[PDB]
Amino acid sequence: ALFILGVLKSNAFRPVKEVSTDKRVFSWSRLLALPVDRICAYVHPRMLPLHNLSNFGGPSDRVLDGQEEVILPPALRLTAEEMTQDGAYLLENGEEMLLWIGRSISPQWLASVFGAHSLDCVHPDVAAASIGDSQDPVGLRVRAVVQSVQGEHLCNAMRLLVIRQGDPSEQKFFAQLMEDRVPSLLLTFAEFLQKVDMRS
Amino acid sequence: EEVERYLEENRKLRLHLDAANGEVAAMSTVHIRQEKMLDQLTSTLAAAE
Amino acid sequence: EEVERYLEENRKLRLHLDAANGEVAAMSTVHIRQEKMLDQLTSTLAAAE
Amino acid sequence: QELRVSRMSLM
Amino acid sequence: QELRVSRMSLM
Amino acid sequence: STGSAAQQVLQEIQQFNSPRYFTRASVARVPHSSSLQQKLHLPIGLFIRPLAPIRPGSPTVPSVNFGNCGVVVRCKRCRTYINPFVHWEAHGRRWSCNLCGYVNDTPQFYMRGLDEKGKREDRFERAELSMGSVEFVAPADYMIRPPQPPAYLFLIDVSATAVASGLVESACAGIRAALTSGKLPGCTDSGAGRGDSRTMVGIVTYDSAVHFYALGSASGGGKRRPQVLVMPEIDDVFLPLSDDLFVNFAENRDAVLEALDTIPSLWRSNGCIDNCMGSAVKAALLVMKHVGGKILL
Amino acid sequence: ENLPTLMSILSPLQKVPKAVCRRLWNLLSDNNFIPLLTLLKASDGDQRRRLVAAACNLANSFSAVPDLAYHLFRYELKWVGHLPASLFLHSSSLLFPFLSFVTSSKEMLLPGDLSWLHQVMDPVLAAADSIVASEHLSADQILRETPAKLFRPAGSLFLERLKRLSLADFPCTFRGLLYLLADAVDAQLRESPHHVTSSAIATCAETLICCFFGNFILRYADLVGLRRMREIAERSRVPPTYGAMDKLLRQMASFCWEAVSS
Amino acid sequence: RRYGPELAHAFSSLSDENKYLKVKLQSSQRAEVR
Amino acid sequence: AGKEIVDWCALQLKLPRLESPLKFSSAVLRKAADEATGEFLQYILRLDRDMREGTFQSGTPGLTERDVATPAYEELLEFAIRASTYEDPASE
Amino acid sequence: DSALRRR
Amino acid sequence: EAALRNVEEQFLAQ
């Protein structure tokens, strides 16, 4: 019921006024020929926190190489109440990555990742390539997370569109929050179980 | 078949001539390394005395 | 004939082989008497320092 | 029951 | 648990 | 009670079938009657990925040959390939198919005995009696023509719309990087120093007309510069004056890579809006009527 | 582990080799590594282990270690396989120094692959450390006679560990080079070419006794005066029961050889 | 005579002197116009 | 114990083939690759020492002076002498 | 009442 | 060309 509710909110079955025609064509062509691990990634995006990367680490800080796996423990739930304004959050849905950054993100974290002094010093276009460029250990670990989810799938081609809180491109992130309520379906997972239990 | 099994017997043992002298040469360079190490300890011990 | 010359060839290899194990054993024992003499001189160098 | 302020979004 | 803290948080 | 028999057969599933990453099922067991499956209310089926990547720690697909006999042992009725789930009768002289049930004969080069359990004694010795994924070496009766090389021919839109968006320069950089990456299929990665990337590479660009890029070397051994042959007949497609429109990449390493570098600069000042991609993909067909391959459009 | 090992391991900058490293590798790569292999064929004693180290380490920089192993395997089975009469064989061959350094060196080896190798031999070596502790044999009495009568229960414990081990439980890097050595030795034996002939079992058994584990035992464990004491403790790092256990494996491999020959 | 490593030590010294002469001509051109 | 190793290597090499990547440690420092280049460039030069005046003892019974003097080695000596251009000669 | 449990 | 004989010449000119 979680994954079915995922494809209702996805681009495959959204109402017409919010997804164009040829976007739905490519979503249907993907879903008819993708493997099961990429279809469930499309209907259930995986969310990771990036602002507390120093917290989720051992006392040895086991060197980040891929020889041993780049450590990615926490898979966050897909609802807005665990979102925190001082946080960065990476979401992948098998097609694109969206890196939501809050307004109250730490400037020390921003200078480590993108080398920017402020959130206004970041635009969605170039900051995908700016990750890990400043060579600070915090931002290099962010690039470790981005490349790990990139190579975990079959193909290493999956664009990264960084989103600040307050830009017009924020709605593509918040629509992928499947447990939330989006402009397509105004139902959470709690209400959707209730609707399919009285119908059953 | 007699020569097939007997090819197999020195395809065997020509790689243990390779194995035995591999132990000889790698340990003889330990002998070279520890003899230079001997000279540097006895010289510095004489300087310390 | 192809087994006779190839038995002289294979015998020369075993003569190289059991000889090789000979100075595998001999080179081990000279390392034994050369490593135990390091033990006294490192003790004297430790006491001198 | 479920009130106005109590069922807004925290974000 | 997480419910009553968030009703106070929105209010 | 009535569950120990289920978990034994479920154990036979997990240790003889084709692995999870090749085949994945909706349900591990099936209903017996049509009345049961209508009350189930969930779909039944499989996902098949025949060339799936093998995870480390998991066995690769073994290769099984049949020697000089050249006969892959097959059922006569449903033509189902040999699998570890057939049933062997008359001390292995006959085998019943587990799909259509016909009792086929065992070939004379397949004569091996049976153990006490009814299975064959060399069941683990031959790879296709124990694993669900096997790769056979098919004989000459399954080929209609000799095996064609890996072949690629790139269609690049070079209209004024595409050169403004940078599609012409993004695609050419990608094609150059993929051909020089060293992982090109058809290059002999079994390492013996010899000039035999059998891969076939062609280049076609298109706008209101269709352009063909001659890439072969000169007959005198000189390094011929690449050519651009415009073809404006967008109703009845033909091939221009060359036999080097579709060349081998190893013998023409320098010409293909140079022509990829020239394409963004050459069509940089193109002011033509309309495109005839339908004629261009037909144009790629006439090039590869004799080999085949892939258009990267 | 410290910050410098983090910095040099997934930064986009310091994985690209230098310009001097690039053109050196091009000259060593043309014609199936024949200029590279002739230099190590032309080597000496002490110099051979340094050029085996240098050839392998530059191979890791260009991600061409499978190319180097596959080229070195066929050219050394061919060289061992077509030089009759011979001698003490004139500074040995390349394949055994190569596999010893590739699978046992602090810079070719993963932390995950090393930590697996600690946890399959810590009970083996704790058996040897309990023999020196409970029967109170001193260091001098260790080196007098053969270690097979010293560590008799400790060695048989190691046989029990390997018996319950498997190639699936062997990590990806050892298990890869068993398979590439197996289908190369079988291929150059069958020079006019599958039952895995006992020469491949013979080479596989050698590399998993002395090359993997024996070299593992060799490694894993007033200012001028203190640094020389520490360099002594790093060089003579065995409080000898470790090195007697090592030479127990090397002398084991000679009788492991006499089993496969018979 | 000069053979092998002494050729490489020769080319290293002239390549060093070329870099050295480039950077002191760089400074002396600033100094003369100053 | 040796026979047990024989029966072990015969059995797991007979087990069906496993996919196994050869993927080695990235913890190699660039200084490790730097002394790797330094040992190559120095050994090519010291080999030129042993050719002109006879000191070259081979590591192969049959690899003569003519066998190591390939045209590939002649180009490697051109690299070994002219290396100091683009190598930043404070290092190797 | 409930700040013991829900806190 | 102008004979890029340094390590900085192949950087700045390329």
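Once both labels are modelled 7 Å past Cα along the beta-carbon direction, what's the A:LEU185-A:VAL126 spacing in nm? Placing both labels 7 Å beyond Cα along the Cβ direction yields 4.1 nm. Backbone phi angles across the range B:31-44, fed through the Karplus curve with coefficients 6.51, -1.76 and 1.60 (θ = phi - 60°), yield HN-Hα couplings of 5, 5, 5, 7, 6, 5, 5, 5, 5, 7, 6, 6, 6, 6 Hz in residue order; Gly and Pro are listed as x. Summarising the strand pairing of the range F:147-218, around 25 percent of its internal DSSP beta bridges are antiparallel. Each principal axis of chain G carries a Cα extent, and these read 59, 56, 39 Å when sorted largest first. Take the Cα of A:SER200, step 7 Å toward its Cβ, do the same at I:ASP67, and the gap between the two points is 7.8 nm.
Each part reduced to its alpha carbon centroid, the range F:210-265 and chain C end up 67 Å apart. Remark: the Cα gyration tensor places chain C in the prolate category, a/c being 1.5 or greater and a/b exceeding b/c. Computed over neighbours whose Cβ is under 10 Å from that of F:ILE82, the net charge equals +1, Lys and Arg +1, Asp and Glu -1.
The alpha-carbon of I:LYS31 sits under 28 angstrom from the alpha-carbons of these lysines, leaving out residues fewer than 8 places away in its chain: B:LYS36, G:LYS15, G:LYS18, G:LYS41, G:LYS106, H:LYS19, I:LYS23. If you take the beta carbon distance between F:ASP141 and F:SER269 as r and set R0 to 56 Å, what does 1/(1 + (r/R0)^6) give as a FRET efficiency, to the nearest 0.05? FRET efficiency, F:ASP141 to F:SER269: 0.50.
Think of the protein assembly as shown as a dipole: +1 on every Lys or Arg Cβ, -1 on every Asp or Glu Cβ, centred on the Cα centre; then among G:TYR75, F:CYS172, G:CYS256, F:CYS172 lies furthest on the positive end. When the chymotrypsin sites (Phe, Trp or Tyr not before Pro) in the range F:172-256 are filtered for DSSP coil states and for at most 12 other beta-carbon atoms within 10 Å of their beta-carbon, the remaining sites are F:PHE238. The mean number of partner chain beta-carbon atoms within 10 angstrom of a residue's beta-carbon across peptide G:194-204 is 6. For A:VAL162, the residues 5 or more places off, or on other chains, whose built amide H falls under 5 Å of its own are A:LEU99, A:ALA128.
Its convex hull of Cα atoms gives chain F a direction-averaged projected area, equal to a quarter of the hull surface, of 24.8 nm².
Subtracting the Cα-Cα distance of F:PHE16 and F:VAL71 from 0.36 nm times their residue separation leaves 17.3 nm of extension gain. Loop-resident GluC sites (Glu not before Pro) (DSSP state other than H, G, I, E or B) in the range F:98-158 with no more than 16 further Cβ atoms inside 10 Å of their Cβ: F:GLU116, F:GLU121, F:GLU125. The range G:1-46 and the range I:25-58 have Cα centres spaced 12 Å apart.
Note that the range F:150-158 has calculated 3J(HN,Hα) couplings of x, 9, 9, 8, 9, 9, 10, 6, 10 Hz, one per residue in order, obtained from phi through the Karplus relation 6.51 cos²θ - 1.76 cosθ + 1.60 (θ = phi - 60°); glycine and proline are x. Solvent-free Debye calculation, one equal scatterer per alpha-carbon of the range F:56-200: log10 I(q)/I(0) at 0.13, 0.14, 0.20 Å⁻¹ equals -0.80, -0.85, -1.26. Think of it as helices only: each DSSP H run of n ≥ 4 in chain F is worth -39500 (n - 2.57), and spread over all residues that comes to -6500 deg cm²/dmol at 222 nm. Here each label is just a point 7 Å from Cα along the line to Cβ, and for K:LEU4 and G:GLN119 those points are 5.0 nm apart. Between the listed residues G:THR197, G:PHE151, G:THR173, the Cα displaced farthest toward the positive end of the dipole of the range G:128-262, a dipole computed from Cβ unit charges relative to the Cα centre, is found at G:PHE151. Computed about the Cα centre, the dipole magnitude for chain C is approximately 220 debye when only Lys and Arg (+1) and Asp and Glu (-1) carry charge, each at its Cβ. Here A:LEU34 and G:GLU135 are evaluated by their C-beta separation; at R0 = 60 Å the FRET efficiency comes out at 0.40.
With Cα atoms as the point set, the radius of gyration and Dmax of chain A evaluate to 17.6, 56 Å. Label zone (I:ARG30, point 7 Å along Cα-to-C-beta; backbone nitrogen cut-off 19 Å) within the range A:60-78: A:65.
For the range G:112-117, putting each phi into the Karplus relation 6.51 cos²θ - 1.76 cosθ + 1.60 with θ = phi - 60° gives couplings of x, 6, 6, 5, 5, 6 Hz, in residue order, rounded to whole numbers and with x for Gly and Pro. With viscosity 1.567 mPa s and temperature 4 °C, the Kirkwood radius over alpha carbon pairs of the range G:193-260 converts through Stokes-Einstein to a diffusion coefficient of 91 µm²/s.
Just for the protein assembly as shown, what percent of DSSP beta bridges are antiparallel, to the closest 5?
Roughly 65 percent of the beta bridges in the protein assembly as shown run antiparallel, per DSSP.
Between F:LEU42 and A:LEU76, the FRET efficiency estimated from the beta carbon spacing at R0 = 30 angstrom works out to 0.55. Rounded to the nearest whole angstrom, the semi-axes of the ellipsoid equivalent to the protein assembly as shown, taken from the Cα gyration tensor as √(5λ), stand at 52, 42, 38, largest first.
Count neighbours as other Cβ atoms within 10 Å of each site's Cβ, and list the trypsin sites (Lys or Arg not before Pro) in the range A:113-200 that are DSSP loop with at most 12 such neighbours.
Numbers: sites: A:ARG141, A:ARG143, A:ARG159, A:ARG164, A:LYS172, A:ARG181, A:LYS195, A:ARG199; in loops: A:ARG159, A:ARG181, A:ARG199.
Answer in residue order: A:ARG159, A:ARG199.
Among the residues of F:18-25, the average count of other protein chain beta-carbon atoms within 10 Å of the residue beta-carbon is 1. I'd like the antiparallel share, as a percent to the nearest 5, of DSSP beta bridges with both residues in chain A. DSSP beta bridges in chain A are roughly 65 percent antiparallel.
Taking amide H as placed 1.01 Å from N in the peptide plane, the amide H of F:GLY202 sits under 5 Å from that of F:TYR152, F:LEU153, F:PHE154, each at least 5 places away or on another chain. Taking a point 7 Å from the Cα of F:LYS294 along the Cα-to-Cβ direction, the residues of the range F:196-218 with backbone N closer than 19 Å to it are F:197-205. Scanning chain A for long hydrophobic helices, with DSSP H runs required to stretch 15 angstrom or more by C-alpha along their axis and to average at least -1.0 on the Kyte-Doolittle scale, returns A:21-31, A:137-152. Assuming a ≥ b ≥ c are the square roots of the Cα gyration tensor eigenvalues, decide whether the range G:1-64 counts as rounded (a/c under 1.5), prolate (otherwise, with a/b larger than b/c) or oblate. Oblate shape, in that a/c is at least 1.5 and b/c is the bigger or equal ratio. Shielding value for A:137-143 is 2, the average number of Cβ atoms from other chains within 10 Å of each residue's Cβ.
Taking 17 Å as the cut-off, the amide N atoms of the range A:55-72 that come nearer than this to a point 7 Å along the Cα-to-beta-carbon line of G:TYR220 belong to A:68. Hydrodynamic radius of chain I by the Kirkwood approach over all distinct alpha-carbon pairs: 17.7 Å.
Every number here is computed from the coordinates shown, using simple stated rules; none is lab data. Don't worry about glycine lacking a Cβ; one is built from the backbone with ideal geometry, like all the others, and counts go over all protein chains shown.
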